[PDB]
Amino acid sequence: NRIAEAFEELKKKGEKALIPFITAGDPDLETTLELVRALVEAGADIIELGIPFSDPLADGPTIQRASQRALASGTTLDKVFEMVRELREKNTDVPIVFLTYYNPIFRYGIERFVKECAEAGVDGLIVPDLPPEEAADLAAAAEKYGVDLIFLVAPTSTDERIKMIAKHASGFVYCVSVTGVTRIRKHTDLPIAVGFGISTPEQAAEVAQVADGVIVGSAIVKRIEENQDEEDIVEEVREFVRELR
């Protein structure tokens, strides 16, 4: 898997992963793809693309507003898959992770969704509202096509729950740094990336010093929203991310 290959190359250099998240289709899908290319250029190791959902139960103000703008521009699953294929026409390198809520998966059709994942070139999935217990049919589909399922672990998660999320994780385990919305760290084998709340270069290197990767979303989305359409947006996102590098 691209994800597996990427954490391996980082550790050979003793490096940590920078994992930007942006919402696909915000402000539109043509800007998303220029953004993904600029995140690549600024040194992103793994790109998470938020699939906009009308009910982001796990997202704070920033990313909820981004999803809402993205749905107003017509963003759909198939449109994001087409953008990824375009990206794969050149950047066959950078791993792509889809962050999506389960009902769009389920309505699209699980088996079909994962197959379309493998064909487009999406390497990992993050389904915020699908715990391992209910994730069997998705896990069976994803295991067939070699798409990783990234499960989240929270500070309030029991030890028993950490162990069970560990036995079902693939690619990396996503450590939510605060019981809220948008050790701890330990201790099964996979890469551990820490997310939620990180919004300054100080904090991000602070998280870098503890985990294998840092996930940054709202901080970047904020700059997408504030940059009045000029773009600008790309240049602001690029310089902010370079600093996070």
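In case it trips you up, residue 1 is the first one in the sequence shown, and so on.
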What lies unmodelled of the deposited sequence between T31 and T32 amounts to none
Once average C-alpha B-factors are taken from the entry for 98-106 and 154-162, the winner is 154-162
With B-factors read from the PDB entry, the higher C-alpha mean of 122-130 and 139-147 is in 139-147
Among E202, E48, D45, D26, the highest C-alpha B-factor in the PDB entry belongs to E202
By the entry's values, the third containing the CA B factor of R69 is the lowest
Sorting the chain's modelled residues by C-alpha B-factor and splitting them into thirds places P52 in the lowest
Among the modelled residues of its chain, the C-alpha B-factor of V234 falls in the third labelled middle
Quick tally, chain-level thirds of C-alpha B-factors: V40 sits in the middle
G213: C-alpha B-factor third of its chain, per the entry, is the middle
